[PDB]
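Novice: One structure follows; several queries about it will come next.
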Amino acid sequence: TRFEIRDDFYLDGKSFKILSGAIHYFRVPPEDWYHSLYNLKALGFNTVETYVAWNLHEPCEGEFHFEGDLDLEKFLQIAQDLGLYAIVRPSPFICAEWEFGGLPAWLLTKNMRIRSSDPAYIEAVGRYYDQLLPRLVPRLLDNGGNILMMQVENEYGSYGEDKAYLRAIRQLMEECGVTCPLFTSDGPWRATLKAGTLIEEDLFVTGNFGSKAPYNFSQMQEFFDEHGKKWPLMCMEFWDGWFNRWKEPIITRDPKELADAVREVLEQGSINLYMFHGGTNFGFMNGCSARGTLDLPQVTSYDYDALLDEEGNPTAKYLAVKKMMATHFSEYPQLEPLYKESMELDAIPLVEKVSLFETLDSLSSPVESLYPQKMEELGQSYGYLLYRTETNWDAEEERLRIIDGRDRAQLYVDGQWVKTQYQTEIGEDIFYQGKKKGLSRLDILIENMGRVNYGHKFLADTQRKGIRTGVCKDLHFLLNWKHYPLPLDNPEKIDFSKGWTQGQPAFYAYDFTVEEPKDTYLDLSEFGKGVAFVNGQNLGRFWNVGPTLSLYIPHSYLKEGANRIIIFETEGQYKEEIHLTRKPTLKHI
Amino acid sequence: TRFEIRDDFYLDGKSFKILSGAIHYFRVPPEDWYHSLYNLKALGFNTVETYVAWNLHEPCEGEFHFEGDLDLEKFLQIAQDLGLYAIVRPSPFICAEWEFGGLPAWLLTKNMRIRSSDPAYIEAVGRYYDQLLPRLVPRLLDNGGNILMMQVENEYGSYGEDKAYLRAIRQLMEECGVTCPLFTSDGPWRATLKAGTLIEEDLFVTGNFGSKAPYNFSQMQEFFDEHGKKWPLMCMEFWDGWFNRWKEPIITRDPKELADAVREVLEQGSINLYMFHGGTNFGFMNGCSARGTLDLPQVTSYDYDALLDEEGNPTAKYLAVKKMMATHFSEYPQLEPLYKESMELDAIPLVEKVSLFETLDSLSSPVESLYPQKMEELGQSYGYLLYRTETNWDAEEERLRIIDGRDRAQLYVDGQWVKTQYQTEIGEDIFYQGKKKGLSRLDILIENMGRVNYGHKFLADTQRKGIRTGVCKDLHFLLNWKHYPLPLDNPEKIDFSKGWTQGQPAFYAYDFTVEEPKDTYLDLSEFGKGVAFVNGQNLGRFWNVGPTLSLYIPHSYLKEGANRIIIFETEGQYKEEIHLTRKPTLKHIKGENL
Ligand SMILES: OC[C@H]1O[C@@H](O)[C@H](O)[C@@H](O)[C@H]1O
Ligand SMILES: OC[C@H]1O[C@@H](O)[C@H](O)[C@@H](O)[C@H]1O
């Protein structure tokens with residue numbers, strides 16, 4: 001065996017220190033995989049680590065995708081070609097500040113206990129592995145690839161103590177032909193280590209933490225000694241920055257201090273920098289944090305204050321680590337990192353616009369039923385959902401209430417905006433004075449702002465989006481609903497020839513020519529809320545609450561010559577022109 | 001046909017004004033049905049009205065009960081023998097300040113949309129109707145009984161607009177032989193009347209309100225006119241008082257004002273006083289109000305400030321209405337009302353006591369599973385549910401959290417109380433310094449304090465009681481649970497020979513002898529919280545927050561000779577003896593009115 005875990009890591013009979021950086025293939029465009037992997041190599045590090053996102057690879061049950069932006073095999077091959085080893089964490093649940101922690105949303109339509117030894121759930125994970133694992137097994141080092149070892153579950157000690165669950169996953173991997181060493185990662189204290197591991201069954205244990213390697217490793221060492229294990233020390237996630245959430249201030253970490261904290265790990269064991277290069281949560285795939293009953297959604301940018309910025313350029317922190325390495329670990333060869341240049345344009349004018357209500361039928365085909373349905377039971381995972389019904393008014397003024405809706409609701413009557421309610425505001429009284437004669441159109445646009453990816457709210461009832469109970473008018477729930485799923489995966493269907501109306505959700509088109517594609521940032525600091533596309537590719541979410549006020553556009557999303565940017569904006573605040581900038585626009589908080 | 005709804009109510013061809021009073025057979029001991037019905041007749045009224053509680057008659061799916069306390073047929077026979085007509089409202093949902101609006105809790109384990117045209121739900125209502133309605137059909141006036149008409153659903157306009165649902169309920173009733181007139185009742189304004197009725201299919205419409213009969217009846221009249229109906233006006237629930245909730249002050253209504261308000265109703269049409277006699281929510285059958293996301297549980301006493309008090313004696317309000325009737329409707333013959341006498345017994349000493357933990361095994365056979373289960377999925381509808389696990393402490397102090405538990409939780413570690421959390425407190429961090437070595441016993445006692453009986457929270461996730469997600473220790477959910485369902489319908493299984501410990505839920509027994517059984521009130525003002533039994537009969541809940549601090553004990557619950565009260569108290573607060581009083585003990589809360 002080329003890679004062994006004993007009293008130490010051994011690669012080809014020789015003692016080996018793992019120097020790893022996290023780069024999620026699904027967060028960096030494929031055209032920059034080489035760039036980012038090169039820059040990890042140039043740091044003097046020897047290994048790349050990545051999660052695998054189940055929700056991306058099986059977006060609908062039984063429908064699998066492993067090409068293009070999802071070509072994990074190619075990501076791994078470029079790594080090997082650059083002479084990098086790999087650690088893969090293929091857990092059904094990856095946390096990762098990622099939608100539903102990586103779990104497919106269609107699971108919410110299933111009768112199963114997600115993330116447990118429930119066989120209904122295990123079976124699903126099995127079918128997923130039946131597709132994923134055969135692609136990774138040939139890429140094990142022993143088999144001629146570069147994969148050193150793989151993770152079982154992910155910080156399971158911060159969720160449960162179901163050992164049968166951990167054993168089931170390990171078993172599934174083994175019988176699919178995974179013969180490399182397997183391991184768990186957890187918080188480095190007793191409670192999480194006990195609950196999250198199979199140490200008594202010889203399953204390798206790693207710790208996750210972002211400082212104080214000496215103390216944390218000692219807790220790990222004490223745990224190993226307790227079980228008679230003579231094992232190397234590895235930090236499977238050394239949090240070197242952090243993620244950002246809407247409305248919350250961007251907080252960076254001192255490059256030098258991070259540099260020193262990393263040194264402390266390397267002196268005692270191995271490391272995987274989380275993140276090395278963080279990249280972006282394109283489209284609707286951002287995750288969400290929880291505090292008690294409250295959800296706190298995470299931003300589109302996964303810059304993370306990582307070594308490489310969102311775009312993939314080295315930072316003070318990268319340079320500070322390069323120097324810490326050249327000073328304290330000079331035996332590890334270094335190189336010069338690659339840089340990309342960003343481009344800059346001013347005032348690309350508005351060509352065309354259209355209200356959602358006007359282009360609604362080319363975008364979406366409605367589902368009708370007596371009672372309102374939830375997003376996932378309609379077959380939708382991500383995006384927006386429009387509930388439509390008709391009702392006449394039975395009094396000069398009437399009260400409307402959305403009962404058990406999530407995450408954000410905008411209510412219109414005959415096209416006129418009445419109210420917007422976010423999270424815990426949903427359910428509050430809405431008062432309306434409607435036409436005395438005839439049916440009036442009640443439209444409620446719902447947005448899924450990202451399913452919680454961790455902890456006690458992981459399987460809360462609020463994880464199913466849309467209206468779960470109903471909409472009350474006076475004292476009775478309204479019936480006869482038309483549902484328009486709006487995943488907005490079909491931006492080519494937006495009909496800009498139809499009408500536009502102030503104070504409504506709408507699409508705004510901006511055209512421009514590009515001579516040579518270069519990275520750049522869409523300035524959206526004067527738009528309210530929504531998503532943006534470039535040549536039909538969903539860039540992710542914007543929101544003027546900050547801290548981020550821009551969307552990053554990779555050079556590879558642009559095309560020589562004519563380009564089209566499209567902005568879906570829901571608040572009614574837009575601009576007749578857009579700026580593309582060199583540097584992202586930030587809101588001070 | 002003897003009874004018809006035309007441009008008026010006609011009985012045997014003659015104009016007829018219905019003078020009805022609500023008495024719920026299930027809220028009054030059967031030995032006192034005659035008493036209550038007689039007093040209704042003595043008022044000069046001609047009709048009694050009652051809901052039927054599905055959750056009482058079908059306590060477990062497929063298991064039906066119509067005897068004893070639930071002998072609705074005997075209640076109707078007593079009314080008839082006393083010369084009273086009857087209105088029955090056999091809606092699957094009755095609201096009624098009653099647990100889960102009368103719906104069986106086991107419906108929560110089914111894949112169905114409760115209270116809708118969902119055929120799964122309709123099929124359940126039908127199977128229940130298959131047992132209930134054949135019992136009432138022989139009792140329709142046309143068949144020699146006293147039932148004039150029956151209600152379809154209940155204020156459905158305060159819940160939905162599913163016309164297929166209403167039609168389904170109508171169809172089921174007809175299919176079972178119900179040929180008397182049918183009707184709906186709703187709030188008397190446009191939204192509720194449109195949503196709640198089948199007026200366009202000639203289903204009779206009635207209104208519920210507590211005042212301003214002239215104004216409320218004109219709203220009903222406009223609706224009728226709009227649909228070309230010349231119908232009599234009837235108030236199917238004239239709210240004459242109101243219910244109480246724990247921690248909330250008792251507010252009464254002036255006897256004269258209420259008499260006046262009733263006079264206004266009768267001047268234009270027919271009435272059904274809600275309640276004529278309210279009685280008692282025995283055992284765990286109380287309902288629950290909601291405000292936004294918050295639950296507001298209703299109290300054991302359904303006195304309601306009704307015309308007869310809980311005990312069933314005429315009140316100042318009864319006398320006010322009687323004087324009004326004597327003056328303004330003297331053509332209705334009256335009688336002298338009946339009064340029951342109450343008793344008092346001092347300092348009945350505590351004889352025996354046993355902590356719940358010590359008598360667990362005779363009360364309840366454990367259900368063991370890896371993940372924690374909710375109350376209904378274990379097969380339990382009412383009462384308490386103990387969750388038990390074992391765990392070792394991985395730090396000097398660890399955090400515990402109960403995730404998604406309702407309604408009230410008490411947590412013990414190795415028999416020692418750590419914390420009690422009610423409703424929204426559940427889920428707050430609990431910090432504990434655990435044993436130095438080995439497994440500790442983690443006990444969590446959950447109480448179902450009553451499912452919401454109305455409105456937007458009627459089918460909230462919180463309606464399923466117990467722990468719906470789990471119990472977190474540090475950052476992980478705990479596994480390996482033993483569940484002990486504690487419906488407490490088996491007080492004879494309490495083993496007072498076992499041990500007792502301070503600061504724990506426990507049972508306490510007080511013995512006494514009675515020569516002549518009379519009504520009386522158990523003073524529980526110095527007991528924390530729990531339930532009380534007399535001769536094995538669950539009187540209902542007590543809680544020292546008030547406003548009620550007693551439990552009414554009907555004479556029929558007592559025996560000539562030796563009697564035993566058992567008190568289950570959860571807070572650790574009890575006294576070495578109890579007093580029975582002639583009148584209830586109340587707690588003075590700010591805002592109260594008498
Ligand atoms: O960036 C925060 C990190 O937290 C870790 O505990 C988790 O395993 C990662 O997936 C990521 O969510
Ligand atoms: O006492 C309040 C009443 O409210 C009515 O609307 C309901 O129909 C009754 O069952 C009862 O709940």
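Every chain in the structure tokens has a letter given in the order shown (A, B, ...), and although residue numbers restart at 1 in each chain, ligands are simply numbered from 1 in the order shown.
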List all protein, DNA and RNA residues that have an atom no more than 9 Å from any atom of ligand 1, counting only C-alpha atoms and all ligand atoms, and report them as an MDAnalysis selection string.
Specialist: chainID A and resid 51 93:98 101 154:155 158 185:187 208:209 236:237 239 241:243 274:275 304 453:454
Novice: Kindly work out which residues sit at most 7 Å from ligand 2, using only C-alpha atoms and all ligand atoms, and give the list as a list in words.
Specialist: residues 94, 95, 96, 97, 154, 155, 208, 239, 242 and 243 of chain B
Novice: Please produce a file of those selected residues containing N, CA and C atoms, as a CSV table (one decimal), in the first residue's frame.
Specialist:
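Saved the output as result20.csv:
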chain,number,residue,atom,x,y,z
B,94,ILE,N,-65.9,20.5,16.6
B,94,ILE,CA,-66.9,21.2,17.4
B,94,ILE,C,-66.3,22.5,18.1
B,95,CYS,N,-65.0,22.6,18.0
B,95,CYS,CA,-64.3,23.8,18.6
B,95,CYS,C,-64.5,23.7,20.1
B,96,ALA,N,-65.5,24.4,20.7
B,96,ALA,CA,-66.1,24.1,22.0
B,96,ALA,C,-65.1,24.2,23.2
B,97,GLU,N,-64.0,24.9,23.0
B,97,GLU,CA,-63.0,24.9,24.1
B,97,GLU,C,-62.7,23.5,24.5
B,154,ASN,N,-68.9,23.2,11.7
B,154,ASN,CA,-69.1,24.1,12.8
B,154,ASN,C,-68.3,25.4,12.6
B,155,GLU,N,-69.0,26.5,12.3
B,155,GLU,CA,-68.3,27.8,12.0
B,155,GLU,C,-67.2,27.5,11.0
B,208,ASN,N,-73.8,33.1,15.1
B,208,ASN,CA,-73.3,33.1,16.5
B,208,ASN,C,-72.8,34.4,16.9
B,239,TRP,N,-73.5,33.7,23.0
B,239,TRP,CA,-72.5,33.6,24.0
B,239,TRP,C,-72.8,34.4,25.2
B,242,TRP,N,-68.3,33.5,29.2
B,242,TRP,CA,-67.1,33.2,28.5
B,242,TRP,C,-66.2,32.2,29.3
B,243,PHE,N,-65.2,31.7,28.6
B,243,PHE,CA,-64.3,30.7,29.2
B,243,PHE,C,-63.1,31.4,29.9
Novice: Restrict the distance test to only C-alpha atoms, flag each residue of chain A within 10 Å of chain B, and return the flagged residues as a short mmCIF file (atom, residue, chain, number, x, y, z; two decimals) with C-alpha atoms, in the first residue's frame.
Specialist:
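What landed in selection-v5.cif:
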data_model
loop_
_atom_site.label_atom_id
_atom_site.label_comp_id
_atom_site.auth_asym_id
_atom_site.auth_seq_id
_atom_site.Cartn_x
_atom_site.Cartn_y
_atom_site.Cartn_z
CA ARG A 113 -35.06 10.07 8.65
CA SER A 116 -29.36 8.60 10.32
CA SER A 117 -29.17 4.82 10.12
CA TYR A 156 -21.13 13.91 12.83
CA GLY A 157 -20.22 14.46 16.48
CA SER A 158 -21.88 17.86 16.13
CA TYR A 159 -25.18 16.22 15.17
CA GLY A 160 -25.67 12.73 16.57
CA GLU A 161 -24.26 9.56 18.12
CA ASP A 162 -25.82 6.97 15.79
CA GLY A 187 -14.44 19.34 16.97
CA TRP A 189 -13.16 17.97 22.42
CA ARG A 190 -14.41 14.86 24.16
CA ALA A 191 -18.14 15.21 23.45
CA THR A 192 -17.75 15.59 19.67
CA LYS A 194 -16.87 10.44 21.24
CA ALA A 195 -20.08 10.95 19.27
CA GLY A 196 -18.61 11.51 15.81
CA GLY A 292 -32.28 29.27 18.04
CA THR A 293 -35.36 29.38 15.80
CA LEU A 370 -57.37 23.24 -4.33
CA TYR A 371 -54.93 23.65 -1.43
CA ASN A 392 -63.45 38.92 -4.17
CA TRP A 393 -63.47 41.31 -1.25
CA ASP A 394 -66.26 40.85 1.30
CA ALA A 395 -65.66 44.09 3.18
CA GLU A 398 -59.98 42.80 4.89
CA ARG A 401 -52.19 36.43 6.75
CA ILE A 402 -49.61 34.06 5.31
CA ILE A 403 -49.54 31.06 7.63
CA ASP A 404 -46.22 29.18 7.88
CA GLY A 427 -47.76 35.67 9.56
CA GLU A 428 -48.20 39.30 10.59
CA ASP A 429 -51.47 41.03 9.70
CA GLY A 455 -27.16 21.71 13.55
CA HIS A 456 -30.49 21.57 15.38
CA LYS A 457 -32.48 23.33 12.62
CA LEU A 459 -34.43 19.22 9.66
CA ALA A 460 -36.73 21.94 10.99
CA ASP A 461 -40.17 22.23 9.40
CA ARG A 468 -46.88 25.13 4.42
CA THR A 469 -50.29 25.82 5.92
CA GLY A 470 -52.08 28.44 3.83
CA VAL A 471 -53.15 32.02 3.32
CA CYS A 472 -56.00 33.33 5.50
CA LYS A 473 -58.40 36.03 4.35
CA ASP A 474 -60.54 37.33 7.22
CA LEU A 475 -60.74 34.04 9.16
CA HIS A 476 -60.73 31.45 6.36
CA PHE A 477 -57.95 29.83 4.33
CA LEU A 478 -58.18 30.68 0.62
CA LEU A 479 -58.46 27.86 -1.93
CA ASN A 480 -57.85 27.35 -5.67
#
Novice: May I ask for the distance between CA of residue 83 (chain B) and CA of residue 41 (chain B), given in Å to one decimal place?
Specialist: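 So the answer is 8.0 Å.
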Novice: Could you name the residues that touch residue 585 (chain A) at 8 Å or less, counting only C-alpha atoms, but leaving out those on the same chain fewer than 4 positions away, as a CSV table (one decimal) with N, CA, C and O atoms, in the first residue's frame?
Specialist:
chain,number,residue,atom,x,y,z
A,521,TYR,N,-16.4,42.6,-11.8
A,521,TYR,CA,-17.4,42.5,-10.8
A,521,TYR,C,-18.6,43.4,-11.2
A,521,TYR,O,-18.4,44.6,-11.5
A,523,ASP,N,-21.4,45.8,-10.4
A,523,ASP,CA,-21.8,46.6,-9.3
A,523,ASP,C,-23.4,46.7,-9.2
A,523,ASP,O,-24.0,47.0,-10.2
A,525,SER,N,-24.9,47.9,-6.2
A,525,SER,CA,-25.1,48.6,-5.0
A,525,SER,C,-26.4,49.5,-5.1
A,525,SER,O,-26.8,50.1,-4.1
A,548,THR,N,-21.7,42.4,1.0
A,548,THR,CA,-21.3,42.4,-0.4
A,548,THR,C,-22.3,43.1,-1.3
A,548,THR,O,-23.5,42.9,-1.1
A,549,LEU,N,-21.9,44.0,-2.1
A,549,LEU,CA,-22.7,44.7,-3.0
A,549,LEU,C,-22.4,44.4,-4.5
A,549,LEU,O,-22.9,45.1,-5.4
A,550,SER,N,-21.7,43.4,-4.7
A,550,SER,CA,-21.3,43.0,-6.1
A,550,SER,C,-21.5,41.5,-6.3
A,550,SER,O,-21.6,40.7,-5.4
Novice: Could you go through region 309-539 of chain A and tell me which residues DSSP, when run on the backbone, assigns to strand (DSSP E), listing them as a ChimeraX atom specification?
Specialist: /A:345-355,367-369,384-391,398-406,408-413,416-422,430-432,440-447,466-473,476-477,481-486,506-514,520-523,529-534,537-539
Novice: Which residues come within 7 Å of residue 368 (chain A), counting only C-alpha atoms, excluding same-chain residues fewer than 2 positions away, as a list in words?
Specialist: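 The residues that qualify are residues 366, 481, 482 and 483 of chain A.
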Novice: Residue 448 (chain A): which residues within 9 Å, counting only C-alpha atoms, same-chain residues fewer than 4 positions away excluded, as a list in words?
Specialist: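 Once the nearby chain positions are removed, what remains is residues 284, 375, 381, 382, 383, 384, 385, 406, 407, 408, 464, 465 and 466 of chain A.
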Novice: I'd like the contact shell of residue 132 (chain B) - 12 Å cut-off, only C-alpha atoms, skipping same-chain residues fewer than 6 positions apart - returned as a list in words.
Specialist: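 That gives residues 52, 53, 54, 56, 57, 58, 64, 65, 66, 70, 71, 72, 73, 88, 89, 90, 91, 92, 125, 126, 138, 139, 172, 173, 176, 177 and 178 of chain B.
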Novice: For residue 329 (chain B), which residue out of B:262, B:409, B:250, B:137 is the nearest one, using only C-alpha atoms?
Specialist: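 Smallest separation from residue 329 (chain B) among the options: B:262.
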Novice: Show which residues sit within 10 Å of residue 76 (chain B), as a PDB file with C-alpha atoms, in the first residue's frame. Count only C-alpha atoms, and ignore same-chain residues fewer than 4 positions away.
Specialist:
ATOM      1  CA  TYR B  25     -73.713  15.706  27.956  1.00  0.00           C
ATOM      2  CA  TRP B  33     -78.468  15.344  33.426  1.00  0.00           C
ATOM      3  CA  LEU B  37     -82.333  19.651  31.831  1.00  0.00           C
ATOM      4  CA  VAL B  48     -81.620  21.548  24.573  1.00  0.00           C
ATOM      5  CA  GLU B  49     -78.605  21.645  22.320  1.00  0.00           C
ATOM      6  CA  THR B  50     -75.389  19.672  22.484  1.00  0.00           C
ATOM      7  CA  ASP B  71     -74.615   7.728  26.707  1.00  0.00           C
ATOM      8  CA  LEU B  72     -75.862  10.523  24.448  1.00  0.00           C
ATOM      9  CA  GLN B  80     -87.543  14.152  25.780  1.00  0.00           C
ATOM     10  CA  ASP B  81     -89.176  12.713  28.905  1.00  0.00           C
ATOM     11  CA  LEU B  82     -88.921  16.232  30.343  1.00  0.00           C
ATOM     12  CA  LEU B  84     -87.706  19.082  25.648  1.00  0.00           C
ATOM     13  CA  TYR B  85     -86.853  19.116  21.953  1.00  0.00           C
ATOM     14  CA  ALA B  86     -83.195  18.724  20.931  1.00  0.00           C
ATOM     15  CA  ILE B  87     -80.665  20.178  18.510  1.00  0.00           C
ATOM     16  CA  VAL B  88     -77.607  18.003  17.935  1.00  0.00           C
ATOM     17  CA  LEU B 136     -79.681   9.468  16.553  1.00  0.00           C
ATOM     18  CA  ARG B 139     -84.480   9.931  17.795  1.00  0.00           C
ATOM     19  CA  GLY B 145     -87.835  11.254  19.107  1.00  0.00           C
ATOM     20  CA  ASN B 146     -87.120  14.887  19.983  1.00  0.00           C
ATOM     21  CA  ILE B 147     -84.347  15.981  17.603  1.00  0.00           C
TER      22      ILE B 147
END
Novice: Any idea what the distance is between CA of residue 539 (chain A) and CA of residue 89 (chain A)?
Specialist: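 For CA of residue 539 (chain A) relative to CA of residue 89 (chain A), the distance reads 25.6 Å.
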